[PDB]
Amino acid sequence: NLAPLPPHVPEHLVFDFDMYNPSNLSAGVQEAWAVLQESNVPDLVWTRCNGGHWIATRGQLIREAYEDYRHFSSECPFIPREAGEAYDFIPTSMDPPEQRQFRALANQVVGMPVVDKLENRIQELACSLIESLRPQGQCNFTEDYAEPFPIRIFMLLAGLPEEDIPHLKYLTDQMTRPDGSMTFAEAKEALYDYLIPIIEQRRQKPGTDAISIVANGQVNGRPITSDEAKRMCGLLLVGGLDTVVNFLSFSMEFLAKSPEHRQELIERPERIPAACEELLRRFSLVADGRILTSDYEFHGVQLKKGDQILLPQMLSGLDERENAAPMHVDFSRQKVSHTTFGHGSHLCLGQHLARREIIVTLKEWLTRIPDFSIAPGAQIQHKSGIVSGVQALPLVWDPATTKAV
Ligand code: HEM
Ligand SMILES: CC1(C)[C@@H]2CC[C@@]1(C)C(=O)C2
Ligand SMILES: [K+]
């Protein structure tokens, strides 16, 4: 359904891309979004889909807009507008300087020093899950590893019950890839309703789990409010439950389809961190955006106050102007340019946890299960949204080719 073209938008800038159901999704979600970078598409276009909004298609524009928070506000960061308007997570819905006190508090719970302390725990959980799968000769990778590995690490960090995972994971997905059974507001309210009594319990108490630390943090010379805590904790849960979870599946699908790349890392382990970075570029997966605070001419295009602009983090590293042969995976790529973790003041706080989870997975998977493939005749289906994902990833292998460590 196409929203009527607003009178300020020139007809030659129209390109009706649907971010929740892109036309060429069957080729792969990154491929479907990369259609925006074909020779027929300008660098700044208007889609009539999803209520109508701008899209910037190039790394240069995406970086520029994410630096200019004065014009491009994070107050309404999701499309469609009703989702962006309800969106009140902290720190993302705030801009500088207000945002910074909350970023600093979130860094106490997910920052590099926290991640470094978690090294053995992350290692143990990967090794144990993978060893349990190893002799079986098959798995449903999404449910058998991609979900429980990062999610259980997050639930440990947050001190939340593993039994709550199915419910919380379903709710988070409604905010990024809704199935239509819940509104954005309904899903967010349910997440908040879950967190409210937990936060009340952990406030004015000495817990050192992530929720306790957030709930007892001091911001702006006073205790954080219950409401501020809930808005932060909800965002941490969405990050924990719907980011790495999807990325691992894109990466493992690629490795299943590309034996030469598996061989590269099995036989050259110190290449894994570089490989991680290249996969983060090639299988980038996030796309949110901003709202115009004022009428503004941007690269000759008249943007109106209140217009939404989608600034897909996914697209910068896929841009030929940032990386030659962008769809090729080259673990020896000379400069790996991307904005996979975002750009500007909102740059991902979870990035260190993410990289550790990815690197540990690559090393510990290929050590035990060096040779695997997609189940014969399976068609892998992707799904698109604020965060994109893989519907299912059935893998098979000969257990005789595996190694118990
Ligand atoms: C592959 C993994 C991940 C990717 C690709 C990713 C991507 C991103 C992106 C693109 C942004 C900026 C969004 C914007 O500017 O509107 C962001 C912000 C953020 N991420 Fe990550 N993320 C990942 C993992 C995580 C994890 C594991 C957590 C927490 C456990 C997390 C927590 C956050 C938080 C709290 C912000 C908000 C920062 C702010 O607004 O100041 N992320 N992430
Ligand atoms: C865009 C994001 C990946 C970033 C962290 C979780 C997410 C869905 C947000 O709402 C901000
Ligand atoms: K909002």
# chains A, B, ... in the order shown; residues from 1 in each chain; ligands from 1
>>> residues_near_ligand(ligand="ligand 3", cutoff="12 Å", atoms="only C-alpha atoms and all ligand atoms", output="ChimeraX atom specification")
/A:73-95,184-185,231,289-291
>>> write_last_selection(atoms="N, CA, C and O atoms", output="mmCIF file, in the first residue's frame")
data_model
loop_
_atom_site.group_PDB
_atom_site.id
_atom_site.type_symbol
_atom_site.label_atom_id
_atom_site.label_comp_id
_atom_site.auth_asym_id
_atom_site.auth_seq_id
_atom_site.Cartn_x
_atom_site.Cartn_y
_atom_site.Cartn_z
ATOM 1 N N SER A 73 17.024 13.746 14.116
ATOM 2 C CA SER A 73 16.792 13.385 15.522
ATOM 3 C C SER A 73 16.424 11.925 15.720
ATOM 4 O O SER A 73 15.666 11.357 14.928
ATOM 5 N N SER A 74 16.951 11.344 16.801
ATOM 6 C CA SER A 74 16.648 9.952 17.152
ATOM 7 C C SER A 74 15.361 9.794 17.980
ATOM 8 O O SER A 74 15.064 8.687 18.451
ATOM 9 N N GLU A 75 14.611 10.883 18.167
ATOM 10 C CA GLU A 75 13.381 10.839 18.977
ATOM 11 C C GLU A 75 12.323 9.890 18.383
ATOM 12 O O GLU A 75 11.565 9.253 19.121
ATOM 13 N N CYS A 76 12.332 9.770 17.054
ATOM 14 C CA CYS A 76 11.427 8.910 16.302
ATOM 15 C C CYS A 76 12.285 8.085 15.347
ATOM 16 O O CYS A 76 12.422 8.441 14.171
ATOM 17 N N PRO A 77 12.905 7.001 15.856
ATOM 18 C CA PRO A 77 13.947 6.335 15.062
ATOM 19 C C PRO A 77 13.494 5.144 14.216
ATOM 20 O O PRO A 77 14.282 4.626 13.436
ATOM 21 N N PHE A 78 12.243 4.721 14.355
ATOM 22 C CA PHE A 78 11.753 3.557 13.634
ATOM 23 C C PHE A 78 10.671 3.979 12.657
ATOM 24 O O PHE A 78 9.911 4.920 12.903
ATOM 25 N N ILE A 79 10.653 3.249 11.549
ATOM 26 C CA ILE A 79 9.548 3.276 10.616
ATOM 27 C C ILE A 79 8.752 1.988 10.870
ATOM 28 O O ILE A 79 9.342 0.949 11.164
ATOM 29 N N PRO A 80 7.399 2.061 10.809
ATOM 30 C CA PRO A 80 6.498 3.188 10.513
ATOM 31 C C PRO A 80 6.405 4.188 11.658
ATOM 32 O O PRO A 80 6.863 3.904 12.772
ATOM 33 N N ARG A 81 5.817 5.348 11.379
ATOM 34 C CA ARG A 81 5.787 6.456 12.328
ATOM 35 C C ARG A 81 5.200 6.064 13.682
ATOM 36 O O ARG A 81 5.721 6.484 14.716
ATOM 37 N N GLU A 82 4.134 5.257 13.690
ATOM 38 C CA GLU A 82 3.541 4.873 14.978
ATOM 39 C C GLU A 82 4.524 4.090 15.862
ATOM 40 O O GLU A 82 4.521 4.243 17.093
ATOM 41 N N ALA A 83 5.382 3.294 15.234
ATOM 42 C CA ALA A 83 6.440 2.595 15.973
ATOM 43 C C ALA A 83 7.514 3.580 16.476
ATOM 44 O O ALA A 83 7.871 3.570 17.645
ATOM 45 N N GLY A 84 7.983 4.474 15.613
ATOM 46 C CA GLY A 84 8.955 5.488 16.042
ATOM 47 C C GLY A 84 8.444 6.406 17.138
ATOM 48 O O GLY A 84 9.207 6.820 18.016
ATOM 49 N N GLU A 85 7.150 6.724 17.090
ATOM 50 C CA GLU A 85 6.542 7.598 18.094
ATOM 51 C C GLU A 85 6.425 6.917 19.460
ATOM 52 O O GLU A 85 6.758 7.522 20.480
ATOM 53 N N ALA A 86 6.005 5.662 19.470
ATOM 54 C CA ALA A 86 5.932 4.887 20.715
ATOM 55 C C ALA A 86 7.323 4.604 21.271
ATOM 56 O O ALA A 86 7.526 4.572 22.490
ATOM 57 N N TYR A 87 8.291 4.433 20.373
ATOM 58 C CA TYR A 87 9.662 4.121 20.762
ATOM 59 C C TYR A 87 10.197 5.143 21.777
ATOM 60 O O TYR A 87 10.308 6.341 21.472
ATOM 61 N N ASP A 88 10.518 4.676 22.982
ATOM 62 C CA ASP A 88 11.034 5.567 24.024
ATOM 63 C C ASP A 88 12.230 4.958 24.763
ATOM 64 O O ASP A 88 12.592 5.407 25.865
ATOM 65 N N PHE A 89 12.852 3.945 24.157
ATOM 66 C CA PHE A 89 14.016 3.307 24.775
ATOM 67 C C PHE A 89 15.155 4.296 24.996
ATOM 68 O O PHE A 89 15.337 5.246 24.219
ATOM 69 N N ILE A 90 15.926 4.046 26.044
ATOM 70 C CA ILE A 90 17.082 4.869 26.412
ATOM 71 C C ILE A 90 18.344 4.010 26.226
ATOM 72 O O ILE A 90 18.363 2.862 26.674
ATOM 73 N N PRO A 91 19.415 4.563 25.617
ATOM 74 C CA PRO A 91 19.604 5.972 25.251
ATOM 75 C C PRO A 91 19.116 6.362 23.871
ATOM 76 O O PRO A 91 19.184 7.537 23.530
ATOM 77 N N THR A 92 18.619 5.406 23.086
ATOM 78 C CA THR A 92 18.460 5.653 21.647
ATOM 79 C C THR A 92 17.487 6.785 21.294
ATOM 80 O O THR A 92 17.717 7.520 20.319
ATOM 81 N N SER A 93 16.427 6.957 22.078
ATOM 82 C CA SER A 93 15.428 8.004 21.788
ATOM 83 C C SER A 93 15.869 9.415 22.199
ATOM 84 O O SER A 93 15.135 10.383 21.969
ATOM 85 N N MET A 94 17.049 9.528 22.813
ATOM 86 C CA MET A 94 17.613 10.811 23.226
ATOM 87 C C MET A 94 18.787 11.220 22.367
ATOM 88 O O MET A 94 19.509 10.369 21.834
ATOM 89 N N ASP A 95 18.988 12.531 22.249
ATOM 90 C CA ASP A 95 20.198 13.010 21.602
ATOM 91 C C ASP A 95 21.119 13.772 22.558
ATOM 92 O O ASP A 95 20.726 14.031 23.708
ATOM 93 N N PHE A 184 3.323 -2.486 18.055
ATOM 94 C CA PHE A 184 4.597 -2.086 18.648
ATOM 95 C C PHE A 184 4.376 -1.692 20.110
ATOM 96 O O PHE A 184 5.097 -2.144 21.007
ATOM 97 N N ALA A 185 3.363 -0.864 20.341
ATOM 98 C CA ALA A 185 3.044 -0.404 21.692
ATOM 99 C C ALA A 185 2.712 -1.542 22.633
ATOM 100 O O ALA A 185 3.140 -1.519 23.790
ATOM 101 N N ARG A 231 13.178 1.929 30.696
ATOM 102 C CA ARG A 231 13.445 2.287 29.299
ATOM 103 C C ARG A 231 14.854 1.874 28.823
ATOM 104 O O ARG A 231 15.033 1.561 27.643
ATOM 105 N N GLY A 289 16.494 4.740 11.623
ATOM 106 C CA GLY A 289 16.658 6.062 11.041
ATOM 107 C C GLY A 289 16.357 7.180 11.998
ATOM 108 O O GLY A 289 16.486 7.040 13.211
ATOM 109 N N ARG A 290 15.957 8.304 11.428
ATOM 110 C CA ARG A 290 15.836 9.546 12.180
ATOM 111 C C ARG A 290 14.649 10.347 11.676
ATOM 112 O O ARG A 290 14.016 10.006 10.674
ATOM 113 N N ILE A 291 14.324 11.412 12.398
ATOM 114 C CA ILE A 291 13.255 12.314 11.986
ATOM 115 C C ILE A 291 13.791 13.730 11.833
ATOM 116 O O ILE A 291 14.611 14.199 12.641
#
>>> residues_near_ligand(ligand="ligand 1", cutoff="7 Å", atoms="only C-alpha atoms and all ligand atoms", output="number ranges by chain")
A: 74, 77, 90-93, 99, 103, 106, 110, 154, 235-237, 239-240, 243-244, 247, 284-289, 313, 340-343, 345-351, 353-354
>>> atom_distance(atom1="atom CA of residue 248 of chain A", atom2="atom CA of residue 146 of chain A")
5.8 Å
>>> residues_around(residues="segment 328-335 of chain A", least_positions_apart="2", cutoff="9 Å", atoms="only C-alpha atoms", output="PyMOL selection string")
chain A and resi 261+264+271-272+274-279+281-282+323-326+337
>>> write_last_selection(atoms="N, CA and C atoms", output="compact mmCIF listing (two decimals), in the first residue's frame")
# COMPACT_ATOMS: atom_id res chain seq x y z
N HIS A 261 36.16 -20.88 2.62
CA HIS A 261 36.24 -19.95 3.76
C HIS A 261 36.35 -20.67 5.11
N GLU A 264 39.99 -21.72 5.30
CA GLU A 264 40.82 -20.57 5.65
C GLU A 264 41.01 -20.41 7.16
N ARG A 271 43.43 -15.54 11.87
CA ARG A 271 42.64 -14.80 10.88
C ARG A 271 41.18 -14.61 11.30
N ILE A 272 40.78 -15.24 12.41
CA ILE A 272 39.37 -15.21 12.83
C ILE A 272 38.85 -13.78 13.18
N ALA A 274 39.80 -10.89 11.92
CA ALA A 274 39.62 -10.19 10.64
C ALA A 274 38.41 -10.73 9.89
N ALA A 275 38.26 -12.05 9.94
CA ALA A 275 37.12 -12.69 9.31
C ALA A 275 35.82 -12.20 9.95
N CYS A 276 35.79 -12.13 11.28
CA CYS A 276 34.66 -11.55 12.02
C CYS A 276 34.28 -10.18 11.46
N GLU A 277 35.28 -9.31 11.30
CA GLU A 277 35.00 -7.97 10.80
C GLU A 277 34.44 -7.97 9.38
N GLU A 278 34.98 -8.83 8.51
CA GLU A 278 34.49 -8.94 7.13
C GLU A 278 33.05 -9.46 7.06
N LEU A 279 32.73 -10.44 7.91
CA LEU A 279 31.37 -10.95 8.01
C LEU A 279 30.40 -9.89 8.54
N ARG A 281 30.65 -6.76 7.99
CA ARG A 281 30.40 -5.90 6.86
C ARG A 281 29.43 -6.56 5.90
N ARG A 282 29.77 -7.77 5.45
CA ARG A 282 29.01 -8.41 4.38
C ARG A 282 27.58 -8.81 4.82
N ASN A 323 33.61 -0.15 -0.50
CA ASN A 323 34.37 -1.41 -0.65
C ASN A 323 34.19 -1.94 -2.06
N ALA A 324 35.30 -2.16 -2.76
CA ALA A 324 35.27 -2.81 -4.08
C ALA A 324 34.79 -4.26 -3.98
N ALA A 325 34.04 -4.71 -4.99
CA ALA A 325 33.39 -6.02 -4.96
C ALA A 325 32.67 -6.25 -3.61
N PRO A 326 31.71 -5.37 -3.27
CA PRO A 326 31.15 -5.38 -1.91
C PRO A 326 30.46 -6.68 -1.50
N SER A 337 35.51 -1.39 5.38
CA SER A 337 34.68 -0.22 5.73
C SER A 337 33.23 -0.62 5.95
>>> residues_around(residues="residue 293 of chain A", least_positions_apart="3", cutoff="10 Å", atoms="only C-alpha atoms", output="PyMOL selection string")
chain A and resi 69-75+290+296+303-308
>>> select_by_dssp(residues="segment 126-374 of chain A", states="strand (DSSP E or B)", output="list in words")
residues 138, 139, 140, 218, 219, 222, 223, 286, 289, 290, 291, 292, 296, 297, 298, 301, 302, 303, 308, 309, 310, 373 and 374 of chain A
>>> write_last_selection(atoms="N, CA and C atoms", output="PDB file, in the first residue's frame")
ATOM      1  N   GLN A 138      23.523 -33.024  12.636  1.00  0.00           N
ATOM      2  CA  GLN A 138      22.545 -32.060  12.132  1.00  0.00           C
ATOM      3  C   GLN A 138      22.140 -31.129  13.249  1.00  0.00           C
ATOM      4  N   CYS A 139      21.594 -29.980  12.867  1.00  0.00           N
ATOM      5  CA  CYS A 139      20.931 -29.069  13.800  1.00  0.00           C
ATOM      6  C   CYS A 139      20.051 -28.097  13.019  1.00  0.00           C
ATOM      7  N   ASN A 140      19.117 -27.490  13.738  1.00  0.00           N
ATOM      8  CA  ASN A 140      18.380 -26.324  13.301  1.00  0.00           C
ATOM      9  C   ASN A 140      19.146 -25.159  13.936  1.00  0.00           C
ATOM     10  N   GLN A 218      23.388   6.346  39.159  1.00  0.00           N
ATOM     11  CA  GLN A 218      23.163   7.765  39.361  1.00  0.00           C
ATOM     12  C   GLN A 218      23.374   8.437  38.027  1.00  0.00           C
ATOM     13  N   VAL A 219      22.389   9.221  37.619  1.00  0.00           N
ATOM     14  CA  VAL A 219      22.464  10.019  36.404  1.00  0.00           C
ATOM     15  C   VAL A 219      22.039  11.434  36.745  1.00  0.00           C
ATOM     16  N   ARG A 222      21.529  12.517  40.552  1.00  0.00           N
ATOM     17  CA  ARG A 222      20.413  11.954  41.319  1.00  0.00           C
ATOM     18  C   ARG A 222      20.264  10.478  40.962  1.00  0.00           C
ATOM     19  N   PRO A 223      19.484   9.725  41.757  1.00  0.00           N
ATOM     20  CA  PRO A 223      19.186   8.372  41.313  1.00  0.00           C
ATOM     21  C   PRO A 223      18.395   8.336  40.004  1.00  0.00           C
ATOM     22  N   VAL A 286      21.218  -4.254  10.337  1.00  0.00           N
ATOM     23  CA  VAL A 286      20.371  -3.274  11.032  1.00  0.00           C
ATOM     24  C   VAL A 286      20.010  -2.117  10.087  1.00  0.00           C
ATOM     25  N   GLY A 289      16.494   4.740  11.623  1.00  0.00           N
ATOM     26  CA  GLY A 289      16.658   6.062  11.041  1.00  0.00           C
ATOM     27  C   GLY A 289      16.357   7.180  11.998  1.00  0.00           C
ATOM     28  N   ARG A 290      15.957   8.304  11.428  1.00  0.00           N
ATOM     29  CA  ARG A 290      15.836   9.546  12.180  1.00  0.00           C
ATOM     30  C   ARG A 290      14.649  10.347  11.676  1.00  0.00           C
ATOM     31  N   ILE A 291      14.324  11.412  12.398  1.00  0.00           N
ATOM     32  CA  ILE A 291      13.255  12.314  11.986  1.00  0.00           C
ATOM     33  C   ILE A 291      13.791  13.730  11.833  1.00  0.00           C
ATOM     34  N   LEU A 292      13.329  14.423  10.795  1.00  0.00           N
ATOM     35  CA  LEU A 292      13.762  15.800  10.568  1.00  0.00           C
ATOM     36  C   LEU A 292      13.206  16.746  11.625  1.00  0.00           C
ATOM     37  N   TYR A 296      14.933  21.197   5.840  1.00  0.00           N
ATOM     38  CA  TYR A 296      16.376  21.139   5.610  1.00  0.00           C
ATOM     39  C   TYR A 296      16.695  20.644   4.202  1.00  0.00           C
ATOM     40  N   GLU A 297      17.516  21.395   3.471  1.00  0.00           N
ATOM     41  CA  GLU A 297      17.974  20.936   2.158  1.00  0.00           C
ATOM     42  C   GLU A 297      19.243  20.113   2.326  1.00  0.00           C
ATOM     43  N   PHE A 298      19.166  18.839   1.940  1.00  0.00           N
ATOM     44  CA  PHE A 298      20.241  17.906   2.159  1.00  0.00           C
ATOM     45  C   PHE A 298      20.638  17.393   0.787  1.00  0.00           C
ATOM     46  N   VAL A 301      18.199  18.077  -1.929  1.00  0.00           N
ATOM     47  CA  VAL A 301      16.857  17.534  -1.758  1.00  0.00           C
ATOM     48  C   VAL A 301      16.196  18.231  -0.596  1.00  0.00           C
ATOM     49  N   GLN A 302      14.979  18.712  -0.830  1.00  0.00           N
ATOM     50  CA  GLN A 302      14.228  19.385   0.218  1.00  0.00           C
ATOM     51  C   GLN A 302      13.566  18.377   1.138  1.00  0.00           C
ATOM     52  N   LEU A 303      14.056  18.321   2.374  1.00  0.00           N
ATOM     53  CA  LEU A 303      13.437  17.523   3.425  1.00  0.00           C
ATOM     54  C   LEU A 303      12.567  18.450   4.277  1.00  0.00           C
ATOM     55  N   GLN A 308      10.349  11.373   7.954  1.00  0.00           N
ATOM     56  CA  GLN A 308      11.267  10.347   8.442  1.00  0.00           C
ATOM     57  C   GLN A 308      12.296   9.985   7.371  1.00  0.00           C
ATOM     58  N   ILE A 309      13.500   9.654   7.808  1.00  0.00           N
ATOM     59  CA  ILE A 309      14.541   9.179   6.884  1.00  0.00           C
ATOM     60  C   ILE A 309      15.146   7.894   7.405  1.00  0.00           C
ATOM     61  N   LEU A 310      15.092   6.862   6.573  1.00  0.00           N
ATOM     62  CA  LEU A 310      15.710   5.581   6.885  1.00  0.00           C
ATOM     63  C   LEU A 310      17.173   5.690   6.461  1.00  0.00           C
ATOM     64  N   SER A 373      27.187 -28.604   5.854  1.00  0.00           N
ATOM     65  CA  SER A 373      26.508 -28.040   4.696  1.00  0.00           C
ATOM     66  C   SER A 373      25.069 -27.740   5.051  1.00  0.00           C
ATOM     67  N   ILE A 374      24.390 -27.026   4.157  1.00  0.00           N
ATOM     68  CA  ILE A 374      22.956 -26.831   4.280  1.00  0.00           C
ATOM     69  C   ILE A 374      22.303 -28.182   3.976  1.00  0.00           C
TER      70      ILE A 374
END
>>> atom_distance(atom1="atom CA of residue 259 of chain A", atom2="atom CA of residue 376 of chain A")
15.5 Å
>>> select_by_dssp(residues="segment 272-370 of chain A", states="alpha helix (DSSP H)", output="CSV table (one decimal) with N, CA, C and O atoms, in the first residue's frame")
chain,number,residue,atom,x,y,z
A,272,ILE,N,40.8,-15.2,12.4
A,272,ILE,CA,39.4,-15.2,12.8
A,272,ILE,C,38.9,-13.8,13.2
A,272,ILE,O,37.8,-13.4,12.7
A,273,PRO,N,39.6,-13.0,13.9
A,273,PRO,CA,39.2,-11.6,14.2
A,273,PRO,C,38.9,-10.8,12.9
A,273,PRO,O,37.9,-10.1,12.8
A,274,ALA,N,39.8,-10.9,11.9
A,274,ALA,CA,39.6,-10.2,10.6
A,274,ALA,C,38.4,-10.7,9.9
A,274,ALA,O,37.6,-10.0,9.3
A,275,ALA,N,38.3,-12.0,9.9
A,275,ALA,CA,37.1,-12.7,9.3
A,275,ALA,C,35.8,-12.2,9.9
A,275,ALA,O,34.9,-11.9,9.2
A,276,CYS,N,35.8,-12.1,11.3
A,276,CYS,CA,34.7,-11.5,12.0
A,276,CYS,C,34.3,-10.2,11.5
A,276,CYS,O,33.1,-9.9,11.2
A,277,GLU,N,35.3,-9.3,11.3
A,277,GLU,CA,35.0,-8.0,10.8
A,277,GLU,C,34.4,-8.0,9.4
A,277,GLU,O,33.5,-7.2,9.1
A,278,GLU,N,35.0,-8.8,8.5
A,278,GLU,CA,34.5,-8.9,7.1
A,278,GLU,C,33.0,-9.5,7.1
A,278,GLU,O,32.2,-9.0,6.2
A,279,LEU,N,32.7,-10.4,7.9
A,279,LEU,CA,31.4,-10.9,8.0
A,279,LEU,C,30.4,-9.9,8.5
A,279,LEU,O,29.3,-9.8,8.1
A,280,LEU,N,30.9,-9.1,9.5
A,280,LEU,CA,30.0,-8.0,10.0
A,280,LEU,C,29.7,-7.0,8.9
A,280,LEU,O,28.6,-6.4,8.9
A,281,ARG,N,30.6,-6.8,8.0
A,281,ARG,CA,30.4,-5.9,6.9
A,281,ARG,C,29.4,-6.6,5.9
A,281,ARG,O,28.4,-6.0,5.6
A,282,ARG,N,29.8,-7.8,5.4
A,282,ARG,CA,29.0,-8.4,4.4
A,282,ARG,C,27.6,-8.8,4.8
A,282,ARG,O,26.6,-8.7,4.0
A,313,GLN,N,22.1,1.2,8.3
A,313,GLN,CA,23.4,0.9,8.7
A,313,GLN,C,24.0,-0.2,7.9
A,313,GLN,O,25.2,-0.2,7.5
A,314,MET,N,23.2,-1.2,7.5
A,314,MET,CA,23.5,-2.3,6.6
A,314,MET,C,24.1,-1.8,5.3
A,314,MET,O,25.0,-2.5,4.8
A,315,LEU,N,23.7,-0.7,4.7
A,315,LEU,CA,24.1,-0.3,3.4
A,315,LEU,C,25.5,0.2,3.2
A,315,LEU,O,26.1,0.1,2.1
A,316,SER,N,26.0,0.9,4.2
A,316,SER,CA,27.3,1.6,4.1
A,316,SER,C,28.4,0.6,3.6
A,316,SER,O,29.1,0.9,2.6
A,351,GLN,N,28.8,-3.7,21.0
A,351,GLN,CA,29.7,-4.1,20.0
A,351,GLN,C,30.8,-5.1,20.5
A,351,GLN,O,31.2,-6.0,19.8
A,352,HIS,N,31.3,-4.9,21.7
A,352,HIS,CA,32.4,-5.7,22.2
A,352,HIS,C,31.9,-7.1,22.6
A,352,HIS,O,32.6,-8.1,22.3
A,353,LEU,N,30.7,-7.1,23.2
A,353,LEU,CA,30.1,-8.4,23.5
A,353,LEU,C,29.8,-9.1,22.2
A,353,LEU,O,30.0,-10.4,22.1
A,354,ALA,N,29.3,-8.4,21.2
A,354,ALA,CA,29.0,-9.0,19.9
A,354,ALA,C,30.2,-9.6,19.3
A,354,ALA,O,30.2,-10.8,18.9
A,355,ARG,N,31.3,-8.9,19.2
A,355,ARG,CA,32.5,-9.4,18.6
A,355,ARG,C,33.1,-10.6,19.3
A,355,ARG,O,33.5,-11.6,18.7
A,356,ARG,N,33.0,-10.6,20.6
A,356,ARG,CA,33.5,-11.7,21.4
A,356,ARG,C,32.7,-13.0,21.1
A,356,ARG,O,33.2,-14.0,20.9
A,357,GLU,N,31.3,-12.8,21.1
A,357,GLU,CA,30.4,-13.9,20.8
A,357,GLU,C,30.7,-14.4,19.4
A,357,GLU,O,30.7,-15.7,19.2
A,358,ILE,N,30.9,-13.6,18.4
A,358,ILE,CA,31.2,-14.0,17.1
A,358,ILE,C,32.5,-14.8,17.0
A,358,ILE,O,32.6,-15.8,16.4
A,359,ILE,N,33.6,-14.2,17.5
A,359,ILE,CA,34.9,-14.8,17.4
A,359,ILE,C,34.9,-16.1,18.1
A,359,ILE,O,35.5,-17.1,17.6
A,360,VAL,N,34.3,-16.2,19.3
A,360,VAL,CA,34.3,-17.5,20.1
A,360,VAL,C,33.5,-18.5,19.3
A,360,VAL,O,34.0,-19.7,19.2
A,361,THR,N,32.4,-18.1,18.7
A,361,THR,CA,31.6,-19.0,17.9
A,361,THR,C,32.4,-19.6,16.7
A,361,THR,O,32.4,-20.8,16.5
A,362,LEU,N,33.1,-18.7,16.0
A,362,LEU,CA,33.8,-19.1,14.8
A,362,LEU,C,34.9,-20.1,15.2
A,362,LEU,O,35.1,-21.1,14.6
A,363,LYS,N,35.7,-19.8,16.2
A,363,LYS,CA,36.8,-20.7,16.6
A,363,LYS,C,36.3,-22.0,17.2
A,363,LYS,O,36.8,-23.1,16.8
A,364,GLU,N,35.3,-21.9,18.1
A,364,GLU,CA,34.8,-23.1,18.8
A,364,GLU,C,34.0,-24.0,17.9
A,364,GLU,O,34.0,-25.3,18.1
A,365,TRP,N,33.3,-23.4,16.9
A,365,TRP,CA,32.5,-24.2,15.9
A,365,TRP,C,33.4,-24.9,15.0
A,365,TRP,O,33.3,-26.2,14.8
A,366,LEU,N,34.4,-24.2,14.4
A,366,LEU,CA,35.2,-24.8,13.4
A,366,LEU,C,36.2,-25.8,13.9
A,366,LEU,O,36.6,-26.7,13.2
A,367,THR,N,36.6,-25.6,15.2
A,367,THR,CA,37.4,-26.6,15.9
A,367,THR,C,36.8,-28.0,16.0
A,367,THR,O,37.4,-29.0,15.9
A,368,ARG,N,35.4,-28.0,16.2
A,368,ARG,CA,34.7,-29.2,16.5
A,368,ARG,C,34.0,-29.8,15.3
A,368,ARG,O,33.9,-31.0,15.1
>>> closest_residue(among="A:129, A:14, A:238, A:404", to="ligand 2", atoms="only C-alpha atoms and all ligand atoms")
A:238
>>> residues_around(residues="residue 60 of chain A", least_positions_apart="2", cutoff="10 Å", atoms="only C-alpha atoms", output="ChimeraX atom specification")
/A:43,56-58,62-65,316,319,321-322
>>> write_last_selection(atoms="N, CA and C atoms", output="mmCIF file, in the first residue's frame")
data_model
loop_
_atom_site.group_PDB
_atom_site.id
_atom_site.type_symbol
_atom_site.label_atom_id
_atom_site.label_comp_id
_atom_site.auth_asym_id
_atom_site.auth_seq_id
_atom_site.Cartn_x
_atom_site.Cartn_y
_atom_site.Cartn_z
ATOM 1 N N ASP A 43 20.701 8.444 -4.933
ATOM 2 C CA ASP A 43 21.302 8.206 -3.611
ATOM 3 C C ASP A 43 20.394 8.598 -2.452
ATOM 4 N N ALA A 56 18.346 6.987 2.469
ATOM 5 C CA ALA A 56 19.690 7.292 1.937
ATOM 6 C C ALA A 56 20.360 5.963 1.595
ATOM 7 N N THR A 57 20.943 5.848 0.399
ATOM 8 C CA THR A 57 21.436 4.553 -0.097
ATOM 9 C C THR A 57 22.962 4.385 -0.006
ATOM 10 N N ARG A 58 23.665 5.451 0.371
ATOM 11 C CA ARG A 58 25.117 5.476 0.294
ATOM 12 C C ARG A 58 25.766 5.705 1.635
ATOM 13 N N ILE A 62 24.780 8.249 4.737
ATOM 14 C CA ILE A 62 24.354 7.599 5.987
ATOM 15 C C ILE A 62 25.237 8.109 7.137
ATOM 16 N N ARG A 63 26.555 8.132 6.918
ATOM 17 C CA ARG A 63 27.486 8.673 7.906
ATOM 18 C C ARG A 63 27.183 10.144 8.193
ATOM 19 N N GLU A 64 27.007 10.941 7.141
ATOM 20 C CA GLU A 64 26.765 12.379 7.324
ATOM 21 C C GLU A 64 25.525 12.642 8.174
ATOM 22 N N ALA A 65 24.431 11.956 7.852
ATOM 23 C CA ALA A 65 23.169 12.172 8.540
ATOM 24 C C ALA A 65 23.238 11.721 10.000
ATOM 25 N N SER A 316 26.032 0.882 4.245
ATOM 26 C CA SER A 316 27.329 1.576 4.054
ATOM 27 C C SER A 316 28.419 0.620 3.560
ATOM 28 N N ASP A 319 28.103 -0.641 -0.040
ATOM 29 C CA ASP A 319 28.315 0.402 -1.066
ATOM 30 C C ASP A 319 29.634 0.186 -1.814
ATOM 31 N N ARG A 321 31.235 2.278 -3.307
ATOM 32 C CA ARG A 321 32.047 3.464 -3.029
ATOM 33 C C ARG A 321 32.816 3.358 -1.711
ATOM 34 N N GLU A 322 32.419 2.403 -0.865
ATOM 35 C CA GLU A 322 33.163 2.094 0.367
ATOM 36 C C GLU A 322 34.058 0.854 0.248
#
>>> residues_around(residues="residue 33 of chain A", least_positions_apart="6", cutoff="9 Å", atoms="only C-alpha atoms", output="count of residues only")
9
>>> atom_distance(atom1="atom CA of residue 7 of chain A", atom2="atom CA of residue 66 of chain A")
26.0 Å
>>> residues_around(residues="residue 249 of chain A", least_positions_apart="6", cutoff="8 Å", atoms="only C-alpha atoms", output="mmCIF file with C-alpha atoms, in the first residue's frame")
data_model
loop_
_atom_site.group_PDB
_atom_site.id
_atom_site.type_symbol
_atom_site.label_atom_id
_atom_site.label_comp_id
_atom_site.auth_asym_id
_atom_site.auth_seq_id
_atom_site.Cartn_x
_atom_site.Cartn_y
_atom_site.Cartn_z
ATOM 1 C CA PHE A 141 21.084 -23.663 13.772
ATOM 2 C CA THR A 142 18.706 -20.781 14.575
ATOM 3 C CA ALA A 146 22.117 -18.822 17.293
ATOM 4 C CA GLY A 389 17.191 -12.386 10.173
ATOM 5 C CA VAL A 390 17.165 -15.980 8.959
ATOM 6 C CA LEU A 393 19.012 -22.855 9.000
#
